[PDB]
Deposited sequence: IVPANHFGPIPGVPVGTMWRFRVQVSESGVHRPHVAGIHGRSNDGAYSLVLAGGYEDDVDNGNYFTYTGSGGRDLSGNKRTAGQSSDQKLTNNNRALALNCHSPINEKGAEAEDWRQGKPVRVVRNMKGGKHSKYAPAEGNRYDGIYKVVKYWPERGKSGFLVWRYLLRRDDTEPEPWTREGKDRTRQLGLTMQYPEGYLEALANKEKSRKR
């Protein structure tokens, strides 16, 4: 595997792989937190995040999406994962939001989409978790719920194509990527011979 604070793609998991649970996504190293949306250290940056349709805003447009941080029922602070993510934007950490001088020079963020994101996004998978590639932070800002939240614009910068495109649907088919289940999960669950 690779270090936890490692930035960028995990070697061997191309764009379009599909795990069923987030523990498989973790063991794969693509997104190490079992539950948390963001993986980051406030002193370094954010290494990976998940879109599971948590926030009633957070508009998902494929190559572009808005995203909201962690905290709170009370105001969100620019600390921990919130601060970690903003560190990737090619701009000095500003406590009032910043924009990127050449956004493509930001730290890379791994991004996977989850079936629960379908509540708000046409780009979610029908099932499980799909690593949709690399994004960079272009902008971040605070806004009002009725409380203050920290939000982020993310643009995609990966060489391999989005899995929902024609080119990407061919990469998913040619590389033979199928929904990967935990060893034993399918076989074990098929046994519903309880009492009746």
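Which runs of the deposited chain sequence never show up in the coordinates?
Counting from residue 1, the stretches without coordinates are 73 to 84, 157 to 158, 211 to 212.
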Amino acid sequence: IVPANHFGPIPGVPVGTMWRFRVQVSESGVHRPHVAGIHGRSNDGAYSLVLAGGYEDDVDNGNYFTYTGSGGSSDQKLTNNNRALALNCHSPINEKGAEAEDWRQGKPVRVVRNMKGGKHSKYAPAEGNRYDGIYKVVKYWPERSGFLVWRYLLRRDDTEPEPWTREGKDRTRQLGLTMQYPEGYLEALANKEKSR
From here on, numbers count along this sequence of modelled residues.
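By rigid core we mean the largest C-alpha set that fits within 1.5 Å across both forms.
Rigid core superposed, root mean square over structures and residues, which stretch has C-alphas farther from this form in 7 other deposited structures of this protein, 151 to 159 or 55 to 63?
The answer is 55 to 63, which departs more from the shown form in 7 other deposited structures of this protein.
Comparing against the shown form in 7 other deposited structures of this protein, which stretch has the larger RMS C-alpha deviation after a rigid core superposition, 90 to 98 or 119 to 127?
Stretch with the larger root mean square C-alpha distance in 7 other deposited structures of this protein: 119 to 127.
Per the record, averaged over C-alpha atoms, which has the higher B-factor: 60 to 68 or 163 to 171?
Between 60 to 68 and 163 to 171, it is 163 to 171 that shows the higher mean C-alpha B-factor.
On average, are the C-alpha B-factors higher in 7 to 15 or in 178 to 186?
Going by the record's values, the stretch with the higher mean is 178 to 186.
Looking at 93, 84, 111, 124, which has the highest Cα B-factor in the entry?
It is 93.
Please rank the C-alpha B-factors of the chain's modelled residues and tell me whether residue 32 sits in the lowest, middle or highest third.
Answer is lowest: the recorded C-alpha B-factor places it there.
Taking the chain's C-alpha temperature factors as the reference, tell me which third residue 119 falls into: lowest, middle or highest.
Lowest third.
Which third of the chain holds residue 138 when residues are ordered by C-alpha B factor: lowest, middle or highest?
Tercile = lowest for this residue's CA B-factor.
Name the third of the chain's ranked CA B-factors that contains residue 144, choosing lowest, middle or highest.
Top third by C-alpha B-factor.
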